[PDB]
Amino acid sequence: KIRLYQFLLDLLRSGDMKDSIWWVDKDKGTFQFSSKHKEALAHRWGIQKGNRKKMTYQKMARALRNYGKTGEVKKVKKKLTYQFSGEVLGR
DNA sequence: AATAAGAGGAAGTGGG
DNA sequence: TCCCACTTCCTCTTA
Ligand SMILES: N=C(N)c1ccc(OCc2cccc(COc3ccc(C(=N)N)cc3)n2)cc1
């Protein structure tokens with residue numbers, strides 16, 4: 001099954017949820033969730049995964065924080081903004 | 001307060 | 001056995 005950062009990157013490349021997530025600086029890999037429409041994206045993540053409970057943005061971001069140490073995604077000091085690593089962007 | 005974003009320990013679940 | 005890659009729950013902090 002797909003990993004959360006690849007789910008997000010695929011969305012950004014495809015544009016299927018442009019109202020929920022967008023690039024801020026795509027050359028840098030920085031991207032931002034919609035304040036009002038991120039839950040719809042979180043819901044799609046849970047359904048894609050087949051999880052038992054409804055996915056929320058809060059639980060999705062709990063998981064995103066775990067990439068901080070390994071580096072795939074880091075929190076940026078801007079509202080609802082994160083950054084993919086160059087490795088993730090290259091692959 | 002109400003609302004929202006942000007945080008992480010810890011326990012539980014998947015699929016190796 | 002025991003790590004993967006989250007998921008779920010709870011309690012809290014900051015703005
Ligand atoms: N269960 C426990 N014992 C426990 C005890 C203490 C905890 O602390 C959590 C914690 C620590 C440090 C910083 C923060 C929040 O940071 C933020 C920064 C910026 C914003 C914003 N831009 N609005 C919002 C939040 N939250 C967590 C659990």
Side-chain angles (χ1 to χ4, degrees), chain A residues 2-90:
Chain A
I2 183 180
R3 298 188 67 174
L4 171 59
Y5 70 84
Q6 192 65 60
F7 170 81
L8 297 174
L9 182 52
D10 290 350
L11 279 186
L12 283 162
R13 294 209 195 104
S14 89
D16 197 68
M17 299 193 78
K18 286 213 134 210
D19 295 325
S20 299
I21 190 177
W22 47 81
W23 292 115
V24 179
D25 188 331
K26 54 195 173 188
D27 286 38
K28 294 182 178 166
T30 57
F31 64 95
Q32 178 176 53
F33 297 97
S34 170
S35 177
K36 275 298 245 83
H37 301 302
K38 60 194 193 299
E39 296 292 345
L41 175 160
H43 296 155
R44 182 177 300 202
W45 173 235
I47 291 164
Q48 184 142 333
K49 281 294 291 292
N51 297 331
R52 171 184 35 257
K53 312 249 174 184
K54 172 176 79 191
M55 175 58 63
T56 62
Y57 176 81
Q58 182 176 335
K59 286 185 297 182
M60 191 185 70
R62 178 66 184 85
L64 284 178
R65 279 193 299 285
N66 287 338
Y67 292 132
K69 198 156 179 309
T70 53
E72 293 87 349
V73 186
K74 294 186 159 85
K75 183 73 178 68
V76 167
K77 300 279 202 193
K78 299 289 195 172
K79 191 188 192 176
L80 295 167
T81 308
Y82 295 77
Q83 192 175 8
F84 295 118
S85 72
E87 294 74 0
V88 158
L89 292 169

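Note: hydrogens, waters and symmetry copies are ignored here, and every other heavy atom, side chains too, is used. Letters A, B, ... are given to chains in the order of the sequence lines, protein chains preceding strands, and every chain is numbered from 1.
Residue contacts for A/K59: at a heavy-atom cut-off of 4.0 Å it reaches a base atom on one of the strands shown. Contacts of A/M60 with the nucleic acid, taken as non-hydrogen atoms under 4.0 Å apart, are absent.
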Heavy atoms under 4.0 Å is the rule here; annotate nucleotides 2-10 of chain B 5' to 3' with B where the base is hit, S where only the sugar-phosphate is, and - elsewhere. ---SSBBBB

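Distance, A/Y5 OH to C/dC6 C1': 13 Å, rounded to whole Å. Look at CZ on A/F7: it is 10 Å from P on C/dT7, rounded to the nearest Å. For the pair A/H43 NE2 and C/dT7 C1', the computed distance is 15 Å after rounding to whole Å. Atom P of nucleotide C/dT7 and atom CD of A/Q48 are separated by 11 Å, given to the nearest angstrom. As rounded to whole Å, 17 Å separates atom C1' of C/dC4 from atom CD of A/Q6. Regarding A/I2, its CD1 atom lies at a distance of 16 Å from the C1' atom of B/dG15, rounded to whole Å. Taking atom CH2 of A/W45 as the reference point, atom P of C/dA5 lies 12 Å away to the nearest angstrom.
With values rounded to the nearest 0.5 angstrom, A/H43 atom NE2 is found 10.0 Å from A/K38 atom NZ. Atoms CG and OH, on A/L89 and A/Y5 in that order, are 11.0 Å from each other to the nearest 0.5 Å.
Remark: A/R65 pairs with A/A61, A/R62 by the side chain to side chain contact (heavy atoms under 4.5 Å, CB included) rule, at least two apart or across chains. Partners of A/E39 by side chain to side chain donor-acceptor pair (under 3.5 Å), not counting sequence neighbours: none found. Checked against side chain to side chain contact (heavy atoms under 4.5 Å, CB included), A/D19 has no partners two or more places apart in sequence or in another chain. Partners of A/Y57 under the ring pair (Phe, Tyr, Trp, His ring centres under 6.0 Å) rule, at least two apart in sequence or in another chain, are A/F33. The salt bridge (charged side-chain N to carboxylate O under 4.0 Å, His left out) check on A/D16 picks up A/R44, with sequence neighbours excluded. With sequence neighbours left out, the ring pair (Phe, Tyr, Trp, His ring centres under 6.0 Å) criterion links A/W23 to A/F84.
Remark: A/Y67 is in phosphate contact with C/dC6, judged by side-chain N or O atoms under 4.0 Å from OP1 or OP2.
Residue pairs that meet the side-chain hydrogen bond (donor to acceptor under 3.5 Å, both in side chains) test with at least one member in residues 69-79 of chain A, sequence neighbours left out, are A/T70-A/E72.
Scanning DNA chain B for stems, defined as runs of 3 or more consecutive Watson-Crick or G-U wobble pairs whose donor-acceptor distances all fall under 3.5 Å, gives the following ranges: B:3-13 with C:5-15.
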